[PDB]
Amino acid sequence: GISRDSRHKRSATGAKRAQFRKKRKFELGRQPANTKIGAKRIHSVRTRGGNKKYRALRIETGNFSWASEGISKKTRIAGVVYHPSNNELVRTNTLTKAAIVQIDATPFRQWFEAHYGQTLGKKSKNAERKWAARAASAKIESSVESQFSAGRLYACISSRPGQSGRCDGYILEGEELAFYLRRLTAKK
Amino acid sequence: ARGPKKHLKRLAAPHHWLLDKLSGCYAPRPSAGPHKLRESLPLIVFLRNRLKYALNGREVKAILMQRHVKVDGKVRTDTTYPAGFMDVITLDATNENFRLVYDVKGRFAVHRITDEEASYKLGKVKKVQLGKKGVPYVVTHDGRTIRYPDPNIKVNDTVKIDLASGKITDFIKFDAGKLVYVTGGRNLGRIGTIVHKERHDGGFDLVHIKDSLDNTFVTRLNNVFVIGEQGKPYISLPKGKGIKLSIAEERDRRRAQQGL
Amino acid sequence: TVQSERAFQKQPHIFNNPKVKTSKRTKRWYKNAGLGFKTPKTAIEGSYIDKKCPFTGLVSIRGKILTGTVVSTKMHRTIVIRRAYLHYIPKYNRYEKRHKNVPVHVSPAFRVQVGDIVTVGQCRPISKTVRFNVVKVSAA
RNA sequence: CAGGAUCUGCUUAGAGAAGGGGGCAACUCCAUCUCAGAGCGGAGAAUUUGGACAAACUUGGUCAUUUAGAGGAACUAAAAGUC
RNA sequence: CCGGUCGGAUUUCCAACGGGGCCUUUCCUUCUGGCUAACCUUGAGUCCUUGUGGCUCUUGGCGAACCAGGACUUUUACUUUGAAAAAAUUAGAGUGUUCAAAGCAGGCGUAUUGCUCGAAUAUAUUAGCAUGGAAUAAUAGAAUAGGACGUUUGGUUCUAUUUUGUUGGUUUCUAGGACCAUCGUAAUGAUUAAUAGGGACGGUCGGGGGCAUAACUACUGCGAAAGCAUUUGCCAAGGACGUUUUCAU
RNA sequence: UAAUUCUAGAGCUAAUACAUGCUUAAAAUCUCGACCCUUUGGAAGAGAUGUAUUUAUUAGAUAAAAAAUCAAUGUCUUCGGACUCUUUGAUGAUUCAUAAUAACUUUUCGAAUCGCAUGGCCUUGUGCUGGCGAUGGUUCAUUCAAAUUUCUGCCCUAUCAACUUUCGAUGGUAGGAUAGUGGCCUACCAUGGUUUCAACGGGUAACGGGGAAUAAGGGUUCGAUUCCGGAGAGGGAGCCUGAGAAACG
RNA sequence: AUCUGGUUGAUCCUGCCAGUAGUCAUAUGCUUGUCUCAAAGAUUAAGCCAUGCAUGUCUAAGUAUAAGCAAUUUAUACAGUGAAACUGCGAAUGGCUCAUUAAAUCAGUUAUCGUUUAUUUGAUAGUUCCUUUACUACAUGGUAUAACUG
């Protein structure tokens, strides 16, 4: 199969090497799993030792994370816009690490009103007792709420789905978002 | 190969066991256990090549199955269980108690001890770490882990272990001027005291040890086993007491002693 | 300049909170290498991002220590060191010269032109043919 | 990527509708003759879509050999006629 | 030498042979902490002729042994000693297998419920590691001084360990990092000039070469070699000698 | 069925096989918040917290002193609020061990097993407790291991002087794959890397070392073969079961 | 730590060809009485192979209604022995050959802060009915097949 030996390449000189042994099981590769979007299909493979890995063949949800507030909720994912390795994964919508997708913004907005009581865009006495407490921490960055009219955020993936099975990540913020948005609307 | 190996040939057996090179073709191979392979001694080299009690292999299994032989207050029947340094071998139908400790020319010596010294055991300190749920432990040279120690213990110190409950009575630090046994290398089995210890960052540290007759030598740090403060060990030492005798000095000391 | 590559570049797991405000530039992270080596000035307050640097990246230094003269700087973030010795031939009672080239890695904290003489230490495999990177420098 | 020979636990109609009480007469009551209905499930063989890994085959084009004869030209003998 | 004697002491001195130590214009280059002994400081305890005597108690100066942070400092070759280079085999110590090659055994008493010695030591033999020495042979340092020392003075910075119990919100010092002019003292700082080499310089010498216009030829002339002979003039080259010139191949 | 360690249909019953599934101390701390009527409020009730899986974000201190300050408070209240208040492992070196906060999951593990003995307590119920040990179990350490990797070292040959880079050759950035690092593979970019101190190619009737024969000293010639390391099972390729094999009884 | 024969009528040299010993170095020729110790299908063909063997395994302690035996007896669940078969573990060790392979193997020497590990030895687990004890067993839930009969 796919082997990871260095005994088939050339030296730093250029001298062609020689066939030394047959191919050994403890240097093997497997097949690349491409991860589409759809209903949950996850298959399990058996590794060195008695361990276990979960290959994800297609999934549709995830578990994403708001950094600056420090809350991580479970949402759905929609589609990939940008991939820095080759752009044949954006035209097929696979799922790797460092892929930039769009999520639906609904449970973060529904959390935001519960935590503060202030809208996005445009009655027990316990509530305003503590809503008055969280007063100074109310406003956020302009350029991130400015997509809550459409419910499509920008988020990158930080979990390897072919190994761990899952697909999680984190929301783009303004320093990093300034880079990618200049990259997003100019390279097309 | 493909898996582990399971035979030991006769000439590849460790030299200080003194198997004679014509009786067979393989040697006993020691099981996986507390002490390392080339630093230990199975229970068949003890009970038929040292004490001369048994005359076969078939006689040793007949001794072990009658549940006589213990190590450290626990019964063993593994016919190649690996007894190593500082272990206590308590037979019962003779009321003898042994302790494994080094000779001077580099061998494992037969040593009889009392019935009260056979209630405890030293052991050095190989690492000290913080375990799961925030408790600490300590690892000895034979592999015992012991949770909840004193904080003043550091690595390369020496603990004293009570073999009954598996617990700690007291401990000895590691600094200049202590009594020290040497458990590996060339000056193997000599006893002396610490002059000082220089350190190399990212390397192997060297101690300088003075004898009692005031002649000095140098070994690496890990072949050094603390025993007690000066003039006062915690264990019953063998004859000679770790004094290196030159070969000139031990012909005539055998000559004049030859009066029988 | 420091953002030329096609993906965003950062010392990972180093978070900037935009809600707070502090007049520092960015929370840079930096370590002490060991063995009595001194982290240079241009790494603690510099602005490069490099994955493979001893004072900033996630590599350790342990193993050997070598020394040699630099003979080619035509790659991007690697150089080539020449080392020279002698070799004894017992029948003829004499010596003969030999040499070996080693390639190492250069953090952008250092500025190395040809002809100098560096000292280098060993890290885990970095490329196909690379296992050292520079840790000190002295000029020509 | 599909495919579904075959097993299968189920819910639930419901008439077949059997025997005891109640128009006691089918029947109706939980006191059981013989079954057509569907409702969601699970396990899963033969066969088939695209890959990577690849032993071999065919075909000429080149070499090395061999081998069969083939055509060669020379020198020499317990070989030898001569100008 | 001395023996001194009911071979080993040596009262005790000598010759060499190797080793420390200080002093001579002169070796670790230091710093902060403990830290231990030790000289001493306000000064007695301690006990000996009575003591700021030391020993050592108290404050206080220190060198002095050890740990820990350092603090900075050209780099090799070679050589000395160490750790670490499996057993078997090789050199080899002990030991009547009946001798031997081998083997690692064996020996002793009452043999009557026994004690007891062994299974050594050597063989860096490249490369790596620890350490002692400074001969031999390389290598770096101040020449346009951005040179070295200064507790000359003006600066620019950057950290806040601390205290304003504590907390967060400010800046005042203070220490604590570097860089910034000019002001002071040191004897301020450049190895000889190879009966090595190159370069000038002055008078000469030669059938040396190019353009133009025999005899003298051995006894000896010139050129890297093959080679080189009529006079006159041009064009450049070259050895040796001479010299209190120059560069440091 | 001529046949081989070939097997079909019908009928029974077990498990440490296969598939499910309960039990249990108290404490604390969080969020929600019925009410309450109020100042500066305090509250019933509710739920959440083992370990393992995946992602994000905090703690993981330490070089030397003192104020002014913005308020808040522990406290004698001195109703001024001045103060009468902190712990922190290991390494030459870490984003290390380890802990917390939000969550997440074709929800992992947390004894429906077996032999011996047979006792103590009672309201005497087959009531309640109770000995020695076999086998299984999650994670950290440990032992037997395994996989890669740093420095220096190989016989003859110039009648082999230039070789490697489409088809990865040398480096950079991001993914894929693996037990894991790495051009190991895939994308976009740079134009590198080896060489008269012999690269690259050709020969070997070449497995490498410990070692063997000969020996004044230096050396010449051997090592298929009792020990350790690698490779192979008629020749190439592929995979199943397993902690471990690209295995050939 | 050693040398002798051979060029010329005669002598001194350069120089090679015979000689002389050793071999754990293989065959071969003629002989051959004793004790101790013992290599042995490597070279050529890593060519081809008739027959038999070389890997299986049970304790008081995972599963017995053998239509097994022993019967012998306190034992109406079973209890002595014990074929066959399921389950567990091992078959990856050992033994044999030297074809490939010239910076590869391999040696002495480092590294894992870059990873997997049955076993062995030592520690290690009140939280898991919807629940804090509300329907729905913990004095204990469900099928399926092997040997065997036909």
# chains A, B, ... in the order shown; residues from 1 in each chain; ligands from 1

$ interface_residues --of "chain A" --to "chain C" --cutoff "12 Å" --atoms "only C-alpha atoms" --output "JSON, numbers by chain"
{"A": [6, 9, 10, 11, 12, 13, 66, 67, 68, 69, 70, 82, 83, 84, 85, 86, 87, 98, 99, 100, 136, 137, 138, 139, 140, 141, 142, 144, 156, 158, 172, 173, 174, 175, 176, 177, 178, 179, 180, 181, 182, 183, 184, 187]}

$ residues_around --residues "residue 46 in chain D" --least-positions-apart "4" --cutoff "12 Å" --atoms "only C-alpha atoms (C1' of nucleotides)" --output "list in words"
residues 3, 4, 5 and 6 of chain D

$ interface_residues --of "chain D" --to "chain A" --cutoff "10 Å" --atoms "only C-alpha atoms (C1' of nucleotides)" --output "PyMOL selection string"
chain D and resi 51-54

$ select_by_dssp --residues "range 25-151 of chain A" --states "helix (DSSP H, G or I)" --output "PyMOL selection string"
chain A and resi 106-115+125-131+142-145

$ write_last_selection --atoms "N, CA and C atoms" --output "compact mmCIF listing (two decimals), in the first residue's frame"
# COMPACT_ATOMS: atom_id res chain seq x y z
N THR A 106 -28.11 31.71 14.78
CA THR A 106 -29.29 31.80 15.63
C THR A 106 -29.06 31.59 17.12
N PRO A 107 -28.37 30.54 17.61
CA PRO A 107 -28.30 30.38 19.07
C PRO A 107 -27.36 31.35 19.73
N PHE A 108 -26.46 31.98 18.99
CA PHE A 108 -25.64 33.01 19.60
C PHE A 108 -26.44 34.28 19.80
N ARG A 109 -27.31 34.60 18.84
CA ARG A 109 -28.18 35.75 18.99
C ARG A 109 -29.18 35.53 20.11
N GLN A 110 -29.75 34.33 20.18
CA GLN A 110 -30.68 34.01 21.25
C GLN A 110 -30.00 33.96 22.60
N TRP A 111 -28.71 33.67 22.64
CA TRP A 111 -28.00 33.78 23.90
C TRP A 111 -27.78 35.23 24.27
N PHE A 112 -27.51 36.07 23.27
CA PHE A 112 -27.08 37.44 23.51
C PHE A 112 -28.17 38.25 24.16
N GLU A 113 -29.41 38.06 23.72
CA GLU A 113 -30.54 38.73 24.34
C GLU A 113 -30.78 38.22 25.75
N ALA A 114 -30.51 36.95 25.99
CA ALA A 114 -30.71 36.42 27.33
C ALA A 114 -29.66 36.95 28.28
N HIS A 115 -28.46 37.22 27.79
CA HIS A 115 -27.39 37.62 28.68
C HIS A 115 -27.42 39.11 28.98
N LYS A 125 -37.86 41.08 38.37
CA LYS A 125 -36.90 42.03 38.90
C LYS A 125 -35.52 41.43 39.13
N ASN A 126 -35.39 40.10 39.07
CA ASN A 126 -34.07 39.49 39.05
C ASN A 126 -33.29 39.91 37.82
N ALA A 127 -33.98 40.08 36.68
CA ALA A 127 -33.30 40.20 35.40
C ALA A 127 -32.57 41.53 35.26
N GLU A 128 -33.30 42.63 35.42
CA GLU A 128 -32.66 43.93 35.34
C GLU A 128 -31.80 44.23 36.55
N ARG A 129 -31.97 43.47 37.64
CA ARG A 129 -31.01 43.54 38.74
C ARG A 129 -29.62 43.14 38.27
N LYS A 130 -29.53 42.11 37.43
CA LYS A 130 -28.25 41.70 36.90
C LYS A 130 -28.00 42.20 35.49
N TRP A 131 -29.03 42.65 34.78
CA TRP A 131 -28.78 43.30 33.50
C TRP A 131 -28.10 44.64 33.71
N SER A 142 -18.04 46.46 15.56
CA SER A 142 -18.99 46.74 14.49
C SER A 142 -18.97 45.66 13.42
N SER A 143 -17.79 45.27 12.96
CA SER A 143 -17.69 44.48 11.75
C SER A 143 -18.07 43.02 11.94
N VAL A 144 -18.43 42.62 13.15
CA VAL A 144 -18.89 41.27 13.40
C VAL A 144 -20.40 41.22 13.59
N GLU A 145 -21.00 42.23 14.23
CA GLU A 145 -22.46 42.25 14.30
C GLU A 145 -23.08 42.57 12.96

$ residues_around --residues "residue 71 in chain B" --least-positions-apart "4" --cutoff "7 Å" --atoms "only C-alpha atoms (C1' of nucleotides)" --output "PyMOL selection string"
chain B and resi 75-76+88-90

$ residues_around --residues "residue 1 in chain E" --least-positions-apart "3" --cutoff "12 Å" --atoms "only C-alpha atoms (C1' of nucleotides)" --output "PyMOL selection string"
chain E and resi 10+12-15

$ write_last_selection --atoms "C-alpha atoms (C1' of nucleotides)" --output "PDB file, in the first residue's frame"
ATOM      1  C1'   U E  10      65.673   5.003  63.924  1.00  0.00           C
ATOM      2  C1'   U E  12      69.154  11.248  64.001  1.00  0.00           C
ATOM      3  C1'   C E  13      71.681  13.423  60.242  1.00  0.00           C
ATOM      4  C1'   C E  14      73.510  13.508  55.117  1.00  0.00           C
ATOM      5  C1'   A E  15      73.833  13.115  48.862  1.00  0.00           C
TER       6        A E  15
END

$ residues_around --residues "residue 179 in chain B" --least-positions-apart "6" --cutoff "9 Å" --atoms "only C-alpha atoms (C1' of nucleotides)" --output "PyMOL selection string"
chain B and resi 191-194+225-233

$ write_last_selection --atoms "N, CA, C and O atoms" --output "CSV table (one decimal), in the first residue's frame"
chain,number,residue,atom,x,y,z
B,191,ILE,N,32.4,0.9,49.0
B,191,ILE,CA,31.7,1.8,49.9
B,191,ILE,C,32.7,2.9,50.3
B,191,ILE,O,33.8,2.6,50.7
B,192,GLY,N,32.2,4.1,50.3
B,192,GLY,CA,33.0,5.2,50.7
B,192,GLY,C,32.2,6.4,51.0
B,192,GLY,O,31.0,6.3,51.4
B,193,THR,N,32.8,7.6,51.0
B,193,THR,CA,32.0,8.8,51.3
B,193,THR,C,32.2,9.9,50.3
B,193,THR,O,33.3,10.0,49.6
B,194,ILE,N,31.3,10.9,50.3
B,194,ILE,CA,31.2,11.9,49.3
B,194,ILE,C,32.2,13.0,49.5
B,194,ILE,O,32.2,13.5,50.6
B,225,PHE,N,24.4,4.9,45.5
B,225,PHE,CA,23.2,4.6,46.4
B,225,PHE,C,23.6,5.0,47.8
B,225,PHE,O,24.5,4.4,48.4
B,226,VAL,N,22.8,5.9,48.3
B,226,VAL,CA,23.1,6.4,49.7
B,226,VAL,C,22.7,5.4,50.7
B,226,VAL,O,21.7,4.7,50.5
B,227,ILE,N,23.4,5.3,51.8
B,227,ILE,CA,23.2,4.3,52.8
B,227,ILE,C,22.9,4.9,54.1
B,227,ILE,O,21.9,4.6,54.8
B,228,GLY,N,23.8,5.8,54.6
B,228,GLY,CA,23.7,6.4,55.9
B,228,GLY,C,24.6,7.6,56.0
B,228,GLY,O,25.3,7.9,55.1
B,229,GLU,N,24.6,8.1,57.2
B,229,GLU,CA,25.6,9.1,57.5
B,229,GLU,C,26.9,8.4,57.9
B,229,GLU,O,26.9,7.1,58.0
B,230,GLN,N,28.0,9.1,58.1
B,230,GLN,CA,29.3,8.6,58.1
B,230,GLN,C,29.5,7.7,59.4
B,230,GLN,O,29.1,8.0,60.5
B,231,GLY,N,30.1,6.5,59.1
B,231,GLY,CA,30.3,5.6,60.2
B,231,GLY,C,29.1,4.8,60.6
B,231,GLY,O,29.2,4.0,61.6
B,232,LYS,N,27.9,5.1,60.1
B,232,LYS,CA,26.7,4.5,60.5
B,232,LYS,C,25.8,4.1,59.4
B,232,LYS,O,25.0,4.9,59.0
B,233,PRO,N,25.9,2.9,58.9
B,233,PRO,CA,24.9,2.4,57.9
B,233,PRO,C,23.6,2.0,58.5
B,233,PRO,O,23.5,1.9,59.7

$ interface_residues --of "chain G" --to "chain A" --cutoff "10 Å" --atoms "only C-alpha atoms (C1' of nucleotides)" --output "PyMOL selection string"
chain G and resi 100-101+104-105+116-118

$ write_last_selection --atoms "N, CA, C and O atoms (P, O5', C5', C4', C3', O3' and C1' of nucleotides)" --output "PDB file, in the first residue's frame"
ATOM      1  P     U G 100      24.285 -12.803  -5.178  1.00  0.00           P
ATOM      2  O5'   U G 100      23.446 -11.664  -4.481  1.00  0.00           O
ATOM      3  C5'   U G 100      22.928 -10.596  -5.249  1.00  0.00           C
ATOM      4  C4'   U G 100      21.633 -10.041  -4.715  1.00  0.00           C
ATOM      5  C3'   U G 100      21.658  -8.590  -4.340  1.00  0.00           C
ATOM      6  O3'   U G 100      21.667  -7.745  -5.450  1.00  0.00           O
ATOM      7  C1'   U G 100      20.436  -9.784  -2.740  1.00  0.00           C
ATOM      8  P     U G 101      22.676  -6.538  -5.441  1.00  0.00           P
ATOM      9  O5'   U G 101      22.395  -5.919  -4.031  1.00  0.00           O
ATOM     10  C5'   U G 101      22.223  -4.533  -3.874  1.00  0.00           C
ATOM     11  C4'   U G 101      22.237  -4.200  -2.426  1.00  0.00           C
ATOM     12  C3'   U G 101      23.520  -3.616  -1.914  1.00  0.00           C
ATOM     13  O3'   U G 101      23.622  -2.233  -2.135  1.00  0.00           O
ATOM     14  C1'   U G 101      22.901  -5.399  -0.544  1.00  0.00           C
ATOM     15  P     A G 104      22.978   6.113   2.932  1.00  0.00           P
ATOM     16  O5'   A G 104      22.620   4.565   2.918  1.00  0.00           O
ATOM     17  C5'   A G 104      22.413   3.820   4.104  1.00  0.00           C
ATOM     18  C4'   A G 104      22.021   2.413   3.768  1.00  0.00           C
ATOM     19  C3'   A G 104      22.171   1.383   4.864  1.00  0.00           C
ATOM     20  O3'   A G 104      21.066   1.350   5.738  1.00  0.00           O
ATOM     21  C1'   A G 104      23.093   0.571   2.850  1.00  0.00           C
ATOM     22  P     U G 105      21.301   1.134   7.295  1.00  0.00           P
ATOM     23  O5'   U G 105      21.959  -0.281   7.326  1.00  0.00           O
ATOM     24  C5'   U G 105      21.136  -1.415   7.299  1.00  0.00           C
ATOM     25  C4'   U G 105      21.953  -2.648   7.133  1.00  0.00           C
ATOM     26  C3'   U G 105      22.715  -3.086   8.350  1.00  0.00           C
ATOM     27  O3'   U G 105      21.911  -3.784   9.279  1.00  0.00           O
ATOM     28  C1'   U G 105      24.122  -3.146   6.479  1.00  0.00           C
ATOM     29  P     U G 116       1.678   7.306  21.737  1.00  0.00           P
ATOM     30  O5'   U G 116       1.647   5.729  21.630  1.00  0.00           O
ATOM     31  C5'   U G 116       0.575   5.061  20.982  1.00  0.00           C
ATOM     32  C4'   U G 116       0.976   3.705  20.462  1.00  0.00           C
ATOM     33  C3'   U G 116       1.123   2.617  21.492  1.00  0.00           C
ATOM     34  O3'   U G 116      -0.094   2.040  21.875  1.00  0.00           O
ATOM     35  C1'   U G 116       3.011   2.604  20.129  1.00  0.00           C
ATOM     36  P     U G 117      -0.467   1.950  23.414  1.00  0.00           P
ATOM     37  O5'   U G 117       0.174   0.590  23.882  1.00  0.00           O
ATOM     38  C5'   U G 117      -0.119  -0.625  23.230  1.00  0.00           C
ATOM     39  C4'   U G 117       0.994  -1.611  23.415  1.00  0.00           C
ATOM     40  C3'   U G 117       1.292  -2.048  24.832  1.00  0.00           C
ATOM     41  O3'   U G 117       0.417  -3.047  25.318  1.00  0.00           O
ATOM     42  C1'   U G 117       3.293  -1.477  23.765  1.00  0.00           C
ATOM     43  P     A G 118       0.267  -3.340  26.886  1.00  0.00           P
ATOM     44  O5'   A G 118      -0.353  -4.789  26.931  1.00  0.00           O
ATOM     45  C5'   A G 118      -1.508  -5.100  26.184  1.00  0.00           C
ATOM     46  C4'   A G 118      -1.656  -6.577  26.036  1.00  0.00           C
ATOM     47  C3'   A G 118      -1.371  -7.366  27.284  1.00  0.00           C
ATOM     48  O3'   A G 118      -2.496  -7.492  28.113  1.00  0.00           O
ATOM     49  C1'   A G 118      -0.152  -8.253  25.506  1.00  0.00           C
TER      50        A G 118
END

$ interface_residues --of "chain B" --to "chain C" --cutoff "12 Å" --atoms "only C-alpha atoms" --output "number ranges by chain"
B: 200-203

$ interface_residues --of "chain C" --to "chain E" --cutoff "12 Å" --atoms "only C-alpha atoms (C1' of nucleotides)" --output "list in words"
residues 36, 41, 64, 65, 67, 68, 84, 85, 86, 87, 88, 89, 90, 95, 117, 138, 139 and 140 of chain C

$ closest_atom_pairs --of "chain G" --to "chain B" --cutoff "7 Å" --atoms "only C-alpha atoms (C1' of nucleotides)" --output "CSV"
residue,atom,partner,partner_atom,distance
G:92,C1',B:2,CA,4.8
G:93,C1',B:6,CA,5.8
G:120,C1',B:33,CA,4.8
G:121,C1',B:33,CA,5.1
G:122,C1',B:144,CA,4.8
G:123,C1',B:145,CA,6.0
